[PDB]
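Asks: There's a structure below that I have some questions on.
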Amino acid sequence: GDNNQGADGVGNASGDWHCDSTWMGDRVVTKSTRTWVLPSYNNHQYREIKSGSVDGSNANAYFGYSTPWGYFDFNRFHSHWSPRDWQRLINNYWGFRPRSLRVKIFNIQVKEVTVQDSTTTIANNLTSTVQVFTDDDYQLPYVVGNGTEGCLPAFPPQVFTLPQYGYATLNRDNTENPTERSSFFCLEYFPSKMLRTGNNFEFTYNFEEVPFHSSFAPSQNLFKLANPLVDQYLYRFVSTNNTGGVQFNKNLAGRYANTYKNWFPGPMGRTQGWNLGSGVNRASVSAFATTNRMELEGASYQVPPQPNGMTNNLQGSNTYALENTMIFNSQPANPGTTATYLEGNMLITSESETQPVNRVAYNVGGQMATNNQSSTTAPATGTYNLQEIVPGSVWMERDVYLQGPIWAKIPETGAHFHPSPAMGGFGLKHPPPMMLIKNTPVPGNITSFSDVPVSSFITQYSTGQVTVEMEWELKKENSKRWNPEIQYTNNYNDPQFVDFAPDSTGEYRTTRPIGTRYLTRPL
Amino acid sequence: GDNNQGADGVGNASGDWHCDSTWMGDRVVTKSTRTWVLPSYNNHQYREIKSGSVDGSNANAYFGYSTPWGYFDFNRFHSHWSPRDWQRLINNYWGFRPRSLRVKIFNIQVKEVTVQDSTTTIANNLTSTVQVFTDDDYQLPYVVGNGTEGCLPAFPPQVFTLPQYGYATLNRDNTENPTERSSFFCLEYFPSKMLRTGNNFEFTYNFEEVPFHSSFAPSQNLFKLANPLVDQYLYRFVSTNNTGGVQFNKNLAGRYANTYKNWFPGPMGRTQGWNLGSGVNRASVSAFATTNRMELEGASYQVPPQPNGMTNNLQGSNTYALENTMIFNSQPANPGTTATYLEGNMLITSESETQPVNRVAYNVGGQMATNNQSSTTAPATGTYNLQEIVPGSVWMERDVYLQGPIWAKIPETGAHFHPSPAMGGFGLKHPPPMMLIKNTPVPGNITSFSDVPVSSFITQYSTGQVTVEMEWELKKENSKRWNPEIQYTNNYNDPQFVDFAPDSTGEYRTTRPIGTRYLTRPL
Amino acid sequence: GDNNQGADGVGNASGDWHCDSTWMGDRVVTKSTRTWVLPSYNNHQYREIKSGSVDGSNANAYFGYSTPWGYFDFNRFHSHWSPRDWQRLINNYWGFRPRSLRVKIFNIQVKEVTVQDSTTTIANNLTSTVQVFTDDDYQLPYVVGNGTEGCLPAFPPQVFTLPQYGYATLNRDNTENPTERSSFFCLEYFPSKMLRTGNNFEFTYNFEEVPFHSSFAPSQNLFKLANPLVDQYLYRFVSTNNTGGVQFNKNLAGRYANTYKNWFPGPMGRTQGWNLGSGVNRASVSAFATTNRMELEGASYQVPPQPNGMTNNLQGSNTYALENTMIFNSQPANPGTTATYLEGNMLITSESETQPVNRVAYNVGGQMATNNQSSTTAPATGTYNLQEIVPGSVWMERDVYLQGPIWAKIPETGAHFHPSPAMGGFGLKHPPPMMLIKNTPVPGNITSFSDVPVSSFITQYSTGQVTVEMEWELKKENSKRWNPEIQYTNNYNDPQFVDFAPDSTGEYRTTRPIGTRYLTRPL
């Protein structure tokens with residue numbers, strides 16, 4: 001529907017502001033509207049950008065292009081959810097997955113800016129247009145889901161300027177030079193709707209069927225599943241007698257160190273533990289030397305989210321694995337800042353509620369036998385710092401936060417194992433199409449003919465609202481637990497301000513992250 | 001209906017001006033139209049406002065937020081009524097209660113203001129929009145009915161600038177700091193119609209059924225109801241003889257001091273009487289020490305309208321209870337003025353026409369027995385300065401003036417007794433929804449991408465008409481009184497100007513208040 | 001329905017065990033089943049019980065009867081609700097009221113006990129019967145709703161022995177003797193179903209329409225409703241000049257001490273504040289002298305819950321009014337214990353979340369003017385320690401806890417004001433009928449005829465299950481609050497045991513009470 005048009009042109013608003021969320025039965029539809037600004041990027045020119053090795057690491061070298069096109073990136077959880085609608089969701093529901101998405105761009109306004117002797121006057125033109133297209137065949141580079149800035153703001157009245165679309169193609173021998181395989185994508189070679197100041201643009205996309213997210217934290221350890229009362233009928237090798245010969249004992253009662261296990265913990269790589277809080281770390285360490293680095297194409301890349309199947313923090317201990325965690329800033333910072341931020345500013349993720357099913361990151365994975373015994377040689381063992389997928393493994397996927405990304409696109413290749421993102425969210429084969437938008441160029445005064453293209457443009461920018469409404473599917477809590485569970489509560493000891501709400505300057509404050517795992521489930 | 005649209009856009013007026021009132025049968029429909037201006041508040045930012053104790057009273061401390069949104073407050077009686085239509089109403093009718101309400105916002109005009117070296121030129125833009133929504137679920141703070149400024153003007157040609165929407169939530173220990181319970185309401189999280197310069201907005205609301213107001217003043221004292229001619233069959237204790245023993249007498253003829261009463265006066269707290277006019281008050285009194293102050297949450301708050309059931313002034317005497325009355329100014333003053341106004345400027349309410357049924361505020365309530373007699377001890381009594389609701393009480397509600405508020409919202413809690421406002425008017429559970437309106441932000445020139453939200457806006461304001469038409473239900477005069485009643489008359493001894501009409505400057509003059517109680521009724 | 005009967009007799013269970021709760025849409029149906037034991041009371045005899053003044057208070061004197069009948073008292077909140085189903089209810093819902101009730105008694109088992117030389121063998125008889133009737137005309141004394149022991153247990157496996165039915169009628173001159181008005185009710189004069197060991201008994205009752213309970217805590221102070229930004233058009237009396245004469249000032253901005261108030265706080269009596277926690281109370285105080293005592297019929301009775309409209313505790317302060325509060329024990333104690341319990345054992349209610357709308361109990365109510373000024377005498381005031389219902393009052397009803405009573409019966413008299421119980425819950429005119437049950441007497445060996453009734457009985461008792469299923473109606477949360485609310489969470493710092501769950505002895509543990517007010521609402 002959504003039709004109520006007296007006329008189409010100036011003096012007729014293109015669409016209403018719908019920001020509210022609606023909880024109906026299990027499923028919830030969360031509407032959001034924001035106001036955006038699109039600068040004129042690159043003075044309406046494609047350009048190649050390339051970098052050598054910066055900071056003595058040749059993995060920092062790339063070759064790519066910076067287009068004029070800006071793009072709507074609505075991918076984070078807090079764009080669609082208010083902290084009270086994210087408190088309802090995580091407290092009484094076990095899981096949620098999205099279903100449909102509908103986006104609309106309306107109230108386009110195209111301003112001109114003219115500087116005569118530093119007056120810099122701004123007066124709109126009603127004739128000029130803007131170009132929007134959504135890429136639904138996935139035939140561009142998809143930079144949306146990689147957890148980079150430019151998302152719809154947390155708090156509705158904030159106006160946000162759109163990111164610039166660029167991409168990094170193949171480079172030659174870890175330098176800035178290209179190859180024969182490095183491709184150039186011209187964004188204006190697609191068909192794209194052109195929208196003058198009276199027109200609007202809207203789009204609809206239904207998601208593929210993905211597994212529910214898990215909002216629950218297990219209620220049992222993974223190795224403790226068996227009941228403590230009755231002993232197993234299975235026997236274990238215990239020791240050996242004076243003569244070479246074997247002796248067996250019974251697996252008895254609630255003794256869980258030695259009992260027969262069906263299911264096994266997830267993978268782990270080992271990461272370095274670093275004590276926050278009360279401290280006593282080592283002094284004057286440069287971490288870039290000792291970080292975990294997977295080496296691809298000849299260069300050493302860090303992978304600072306680690307693959308799924310581990311927990312950084314251990315149940316309220318102060319020791320974290322900072323190479324395994326997801327760190328956020330309490331407030332948006334300036335682009336390109338090198339400032340050194342102490343712990344107190346950051347929002348530091350803790351996975352500690354997954355510890356029953358997951359192996360801790362900064363502890364060894366286990367041990368195995370390193371030799372074959374005989375009468376001469378004694379049994380020996382050694383600990384292993386990494387293990388991988390094993391038949392019969394069970395692990396906990398990484399949690400999704402209010403500040404974290406919703407989805408990611410599975411790279412298109414031959415094969416993949418268990419496509420879930422390391423950062424978090426819903427690994428998708430066909431993610432919501434990427435919506436790009438650009439100001440059409442309006443040339444300045446040119447008195448003559450020349451075959452070299454026009455380099456003199458009228459400097460302009462545009463603005464107007466965008467609405468994004470999604471439909472989430474939820475899975476209700478069936479639990480029979482007798483005693484009260486843990487809920488996300490608003491407690492603050494002696495507040496000087498309310499959290500998740502403006503300061504006296506007008507600045508939106510977020511003190512602490514919010515995860516989805518509170519409800520407890522018997523594994 | 002209300003349709004006559006050639007096209008929708010600039011060059012087509014959104015609606016007609018209807019200011020007239022229509023008397024049909026009993027019920028009257030009073031239409032009113034005004035012109036408003038909406039500044040850009042807080043430079044389009046939410047902000048927290050908080051105050052400590054000012055003037056040595058910790059009840060003045062609050063914590064709250066100041067939103068960009070302005071709101072239409074049409075709640076006062078003289079917005080809808082002209083002094084001649086308020087003279088008709090009160091003279092020949094016993095009571096009135098509202099029925100329906102329909103509001104319309106049209107002819108929106110959005111001006112830009114630009115300052116280049118102090119030129120401050122003003123030129124409208126046709127593209128920009130304004131956001132209106134009416135809150136019909138009562139899920140915001142309702143600040144309308146509390147008797148604060150910003151109402152539609154008395155006299156139609158006056159243009160009025162809209163109030164700013166803010167609210168005071170919970171604070172911690174009578175300081176400026178917040179609590180865990182103090183809530184933040186984001187107004188842009190509701191769906192709201194966006195209106196460009198050709199669009200209009202209209203709304204309809206029917207009131208719940210409330211009791212008629214009482215425009216009549218009783219014709220009999222409450223204790224004098226019995227007829228003076230025939231004596232009662234009931235006997236009274238008079239005295240006691242030499243021996244201990246009781247003697248009775250008959251309640252005889254028109255002697256009203258001692259007779260059996262069915263019904264009793266309303267509540268009273270005792271307030272201080274202060275002589276206006278001929279004077280002889282005490283000298284150099286600071287009243288804030290001795291005022292009546294109910295203490296809530298640990299702090300002492302004044303309640304300068306007193307609860308219903310008392311009369312300040314006593315029948316043309318000069319002694320008033322100024323803690324019980326409703327004081328107005330003869331002319332609108334500047335916001336935030338500390339000037340000291342003498343009596344002559346003020347319009348000072350008098351409740352003296354309710355004195356038969358109501359107990360005077362500055363007199364003691366009565367007396368009761370303070371001891372049990374015996375042969376040793378004589379009967380004693382003492383006077384009480386406060387009494388409350390009693391089975392079989394009858395009191396007169398406070399009157400509604402032309403300058404006074406129409407309604408109020410009953411706070412949503414567990415329980416309430418007899419919901420009528422202390423200030424006056426019609427206590428409502430679901431008051432007319434609160435209509436909020438805001439200028440959408442239009443950002444200035446921004447050349448670059450940054451994730452910190454846009455702080456540079458184009459400074460603009462908007463203007464246009466609003467019409468509010470209500471439907472009142474009236475109750476006709478049935479009285480059989482023989483001699484002429486009192487009417488509200490325009491008498492002025494030697495006028496230098498006409499009252500309720502402009503001065504030579506153009507300024508609207510109101511000399512004296514107008515109440516609703518003139519018609520007399522036999523109790 | 002509920003029919004699946006192969007045969008009716010021994011060897012056929014009379015009914016299934018249904019203990020689960022079902023959340024459907026808004027309304028929830030909570031089924032509960034327990035196992036009871038009914039002793040043989042008074043050796044099957046009615047008896048008069050009477051007491052003089054005990055502990056030097058003649059209000060302790062009563063005259064009444066102790067019947068053989070035991071009664072099912074299922075009235076407390078935790079009989080029907082599990083702590084996790086009471087956590088769901090209070091967290092996301094604004095209010096709840098019951099609708100229907102259906103009770104069933106099944107699996108009756110009648111045991112005999114015989115003592116031959118202290119062997120005390122127990123062997124059931126299949127022939128003997130039990131008598132159940134429900135009193136639906138309210139023509140007995142109703143002792144259920146007064147908050148006395150004998151309720152269905154908290155934790156299902158607990159077996160509970162039924163209370164004895166007795167009642168206290170009128171006594172003469174505060175002594176043990178009766179009057180001519182003191183009535184005797186014979187319970188066996190009603191028709192009553194007789195149930196042998198194969199029979200079952202079931203009953204259905206729909207509640208009258210009562211107001212929703214309020215599970216919300218206000219978001220604003222009551223006197224702070226007006227917005228801080230715009231000042232009132234109303235003026236206040238401030239001071240007086242050298243000559244007798246009055247001076248007025250404007251009510252300006254966010255200054256809430258002096259502003260015109262529509263609505264007023266609830267009633268209060270003043271109660272004594274007593275510091276818990278960090279202490280510094282007075283030493284060696286006997287409280288029975290100074291407690292608040294309403295005097296009825298000549299004797300002084302304490303009323304240790306105070307009438308509605310006050311808050312004992314003030315926002316996390318340690319000072320409580322212990323004459324205003326609801327105190328529970330963390331564990332069921334022995335009947336008739338005089339032991340002195342320190343603070344640490346008790347669960348001490350706090351009303352502090354109602355403090356915006358309610359006046360604190362241990363603070364003075366306010367002040368009023370005590371004299372009429374003149375040139376000779378200065379204005380004076382005094383504080384009042386009690387106030388009552390006033391036109392335009394709003395107060396918060398007392399909260400309902402998990403351990404507290406559900407309802408109460410409005411005494412049948414001429415009149416009542418605002419029937420809500422002081423203890424808590426839902427004041428009902430026709431409460432759920434009172435279900436009484438008794439073992440029929442089986443006489444022992446009697447060889448001869450005598451006209452004096454049989455005094456020699458076979459000593460027996462009976463046992464079997466009872467199920468009580470109610471249907472609650474709920475009111476969903478509509479709130480638009482932006483920041484997270486307060487939820488009831490399971491937090492415990494360094495637990496030695498889990499709360500609301502058995503100890504190593506088997507004993508059910510409850511550390512702390514649970515109220516219904518968490519969700520916040522803008523008054």
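Identifiers in this document derive from the order of the structure tokens: chains are assigned A, B, ..., residues are numbered from 1 separately in each chain, and ligands are numbered from 1 in order of occurrence.
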Might you pull out every residue within 12 Å of residue B:159, with only C-alpha atoms counted and same-chain residues fewer than 2 positions away left off, and present them as a PyMOL selection string?
Replies: chain B and resi 33-38+150-157+161-162+463-466
Asks: Store the residues picked out above, limited to C-alpha atoms, as a PDB file, in the first residue's frame.
Replies:
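Result went into out03.pdb, see below:
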ATOM      1  CA  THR B  33      -7.906  29.470  14.109  1.00  0.00           C
ATOM      2  CA  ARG B  34      -4.509  30.943  14.966  1.00  0.00           C
ATOM      3  CA  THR B  35      -1.119  31.505  13.342  1.00  0.00           C
ATOM      4  CA  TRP B  36       1.934  29.918  14.964  1.00  0.00           C
ATOM      5  CA  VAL B  37       5.720  30.008  14.651  1.00  0.00           C
ATOM      6  CA  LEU B  38       8.013  27.136  15.516  1.00  0.00           C
ATOM      7  CA  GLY B 150       2.029  28.646  25.408  1.00  0.00           C
ATOM      8  CA  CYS B 151      -1.732  28.414  24.841  1.00  0.00           C
ATOM      9  CA  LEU B 152      -3.550  29.723  21.786  1.00  0.00           C
ATOM     10  CA  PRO B 153      -3.846  33.504  22.206  1.00  0.00           C
ATOM     11  CA  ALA B 154      -6.941  35.230  23.528  1.00  0.00           C
ATOM     12  CA  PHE B 155      -7.456  37.578  20.565  1.00  0.00           C
ATOM     13  CA  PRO B 156      -7.239  35.968  17.129  1.00  0.00           C
ATOM     14  CA  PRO B 157      -4.739  38.153  15.219  1.00  0.00           C
ATOM     15  CA  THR B 161       5.386  30.936  19.235  1.00  0.00           C
ATOM     16  CA  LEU B 162       5.105  27.329  20.328  1.00  0.00           C
ATOM     17  CA  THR B 463       4.937  28.942  10.420  1.00  0.00           C
ATOM     18  CA  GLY B 464       1.314  28.437   9.417  1.00  0.00           C
ATOM     19  CA  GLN B 465      -2.229  28.249  10.718  1.00  0.00           C
ATOM     20  CA  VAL B 466      -3.874  25.792  13.130  1.00  0.00           C
TER      21      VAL B 466
END
Asks: Pull out every residue of chain C sitting within 7 Å of chain A, counting only C-alpha atoms, and send them as a PyMOL selection string.
Replies: chain C and resi 82-84+87+481-491+500-501
Asks: Create the file for the chosen residues now, containing N, CA and C atoms and written as a compact mmCIF listing (two decimals), in the first residue's frame.
Replies:
# COMPACT_ATOMS: atom_id res chain seq x y z
N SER C 82 5.33 -20.38 40.17
CA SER C 82 6.72 -20.73 40.40
C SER C 82 7.59 -19.49 40.24
N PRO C 83 8.71 -19.41 40.97
CA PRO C 83 9.51 -18.18 40.92
C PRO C 83 9.91 -17.75 39.53
N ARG C 84 9.98 -18.67 38.56
CA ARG C 84 10.27 -18.27 37.19
C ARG C 84 9.02 -17.78 36.48
N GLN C 87 8.61 -14.38 37.73
CA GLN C 87 9.58 -13.46 37.17
C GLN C 87 9.14 -12.99 35.80
N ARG C 481 9.52 3.89 26.46
CA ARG C 481 10.78 4.27 27.06
C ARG C 481 11.96 3.83 26.21
N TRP C 482 12.96 4.71 26.07
CA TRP C 482 14.10 4.39 25.23
C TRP C 482 15.12 3.51 25.95
N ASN C 483 15.53 3.89 27.16
CA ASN C 483 16.62 3.18 27.80
C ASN C 483 16.13 1.95 28.56
N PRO C 484 17.02 1.02 28.90
CA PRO C 484 16.58 -0.25 29.50
C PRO C 484 15.94 -0.05 30.87
N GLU C 485 14.90 -0.82 31.15
CA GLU C 485 14.21 -0.77 32.43
C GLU C 485 14.90 -1.70 33.42
N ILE C 486 14.38 -1.74 34.63
CA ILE C 486 14.88 -2.63 35.67
C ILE C 486 14.10 -3.93 35.62
N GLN C 487 14.82 -5.03 35.65
CA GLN C 487 14.23 -6.35 35.61
C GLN C 487 14.57 -7.04 36.91
N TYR C 488 13.76 -8.03 37.29
CA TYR C 488 14.14 -8.84 38.44
C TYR C 488 15.15 -9.86 37.98
N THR C 489 16.35 -9.81 38.54
CA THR C 489 17.44 -10.65 38.12
C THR C 489 17.88 -11.52 39.28
N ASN C 490 18.55 -12.63 38.95
CA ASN C 490 18.88 -13.68 39.91
C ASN C 490 20.22 -13.43 40.59
N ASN C 491 20.81 -12.25 40.43
CA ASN C 491 22.16 -11.99 40.93
C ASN C 491 22.37 -12.35 42.40
N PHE C 500 15.70 -20.14 46.16
CA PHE C 500 14.44 -20.69 45.64
C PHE C 500 14.63 -22.13 45.16
N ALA C 501 15.24 -22.96 46.01
CA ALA C 501 15.53 -24.34 45.67
C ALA C 501 16.12 -25.06 46.86
Asks: Which residues, written as a VMD selection string, have at least one atom at most 12 Å from stretch 494-497 of chain B, with only C-alpha atoms counted and residues fewer than 5 positions away on the same chain left out?
Replies: chain B and resid 502 to 504 507 to 511
Asks: Quick one: residues within 8 Å of residue A:514, only C-alpha atoms, excluding same-chain residues fewer than 5 positions away - as a VMD selection string?
Replies: chain A and resid 401 to 403
Asks: Could you turn the residues from that selection into a file that holds N, CA and C atoms, as a compact mmCIF listing (two decimals), in the first residue's frame?
Replies:
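Dumped to again09.txt:
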# COMPACT_ATOMS: atom_id res chain seq x y z
N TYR A 401 25.80 -8.71 19.59
CA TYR A 401 25.62 -7.61 20.51
C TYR A 401 24.70 -6.56 19.90
N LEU A 402 24.37 -5.56 20.70
CA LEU A 402 23.55 -4.47 20.18
C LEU A 402 24.38 -3.61 19.24
N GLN A 403 25.70 -3.57 19.46
CA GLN A 403 26.57 -2.74 18.65
C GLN A 403 27.22 -3.53 17.51
Asks: Which neighbours of residue C:163 fall inside 8 Å, counting only C-alpha atoms, when residues of the same chain fewer than 5 positions from it are skipped, and could you give them as a list in words?
Replies: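 Once the nearby chain positions are removed, what remains is residues 70, 71, 72, 149 and 150 of chain C.
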Asks: Have a look at atom CA of residue B:216 and atom CA of residue B:519 and let me know their distance in Å, one decimal.
Replies: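 About the pair atom CA of residue B:216 and atom CA of residue B:519: they are 4.8 Å apart.
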Asks: Can you list, as a compact mmCIF listing (two decimals) with N, CA and C atoms, in the first residue's frame, every protein, DNA or RNA residue that comes within 8 Å of residue C:355 when you count only C-alpha atoms, leaving out same-chain residues fewer than 6 positions away?
Replies:
# COMPACT_ATOMS: atom_id res chain seq x y z
N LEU B 296 6.32 15.62 50.29
CA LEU B 296 6.36 14.39 49.52
C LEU B 296 7.80 14.07 49.17
N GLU B 297 8.19 12.81 49.36
CA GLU B 297 9.51 12.29 48.98
C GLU B 297 10.63 12.98 49.77
N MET C 310 0.89 5.22 51.74
CA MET C 310 2.18 5.61 52.30
C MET C 310 3.26 4.65 51.87
N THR C 311 4.51 5.10 52.00
CA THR C 311 5.67 4.26 51.74
C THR C 311 6.54 4.26 53.00
N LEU C 314 12.43 4.86 52.24
CA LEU C 314 12.67 5.98 51.32
C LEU C 314 13.91 5.66 50.49
N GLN C 315 13.68 5.19 49.27
CA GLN C 315 14.67 5.05 48.20
C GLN C 315 16.04 4.61 48.69
Asks: Enumerate the residues of stretch 106-342 of chain A with a DSSP assignment of strand (DSSP E or B), computed from the backbone, and present them as JSON, numbers by chain.
Replies: {"A": [109, 110, 111, 112, 113, 114, 121, 122, 123, 124, 130, 131, 132, 133, 134, 135, 151, 159, 160, 161, 164, 165, 166, 167, 168, 169, 193, 194, 195, 201, 202, 203, 204, 205, 206, 217, 218, 235, 236, 237, 238, 239, 240, 246, 247, 248, 249, 250, 264, 268, 269, 273, 274, 275, 293, 294, 295, 296, 299, 300, 301, 302, 310, 311, 319, 320, 321, 327, 328, 329]}
Asks: Write out as a ChimeraX atom specification each polymer residue whose atoms come within 7 Å of stretch 406-418 of chain B, counting only C-alpha atoms; drop sequence neighbours fewer than 2 positions from it.
Replies: /B:75-77,145-146,404,420-421,425-431 /C:214,391-397,523
Asks: Using DSSP secondary structure from the backbone, list all helix (DSSP H, G or I) positions within stretch 317-434 of chain B, as a list in words.
Replies: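 Here are the helix (DSSP H, G or I) residues of stretch 317-434 of chain B: residues 343, 344, 345, 352, 353 and 354 of chain B.
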Asks: Just to be explicit: take each residue in the selection above, keep N, CA and C atoms, and write the result as a compact mmCIF listing (two decimals), in the first residue's frame.
Replies:
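Okay, this is what ended up in again_16.txt:
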# COMPACT_ATOMS: atom_id res chain seq x y z
N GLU B 343 -0.86 44.38 43.96
CA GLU B 343 -2.24 43.93 43.77
C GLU B 343 -2.87 44.48 42.50
N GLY B 344 -2.67 45.77 42.21
CA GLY B 344 -3.46 46.43 41.18
C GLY B 344 -3.33 45.79 39.81
N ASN B 345 -2.20 45.13 39.55
CA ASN B 345 -1.98 44.55 38.23
C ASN B 345 -2.74 43.25 38.06
N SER B 352 -16.40 33.55 46.42
CA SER B 352 -17.38 33.91 47.45
C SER B 352 -18.80 33.50 47.10
N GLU B 353 -19.08 33.10 45.86
CA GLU B 353 -20.45 32.72 45.53
C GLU B 353 -20.74 31.28 45.92
N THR B 354 -19.73 30.53 46.34
CA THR B 354 -19.91 29.16 46.82
C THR B 354 -20.01 29.09 48.33
Asks: Report, in Å to a single decimal, how far apart atom CA of residue B:166 and atom CA of residue B:51 are.
Replies: 13.8 Å
Asks: By how many Å are atom CA of residue B:318 and atom CA of residue C:252 apart?
Replies: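 Rounded to one decimal, the two atoms are 27.9 Å apart.
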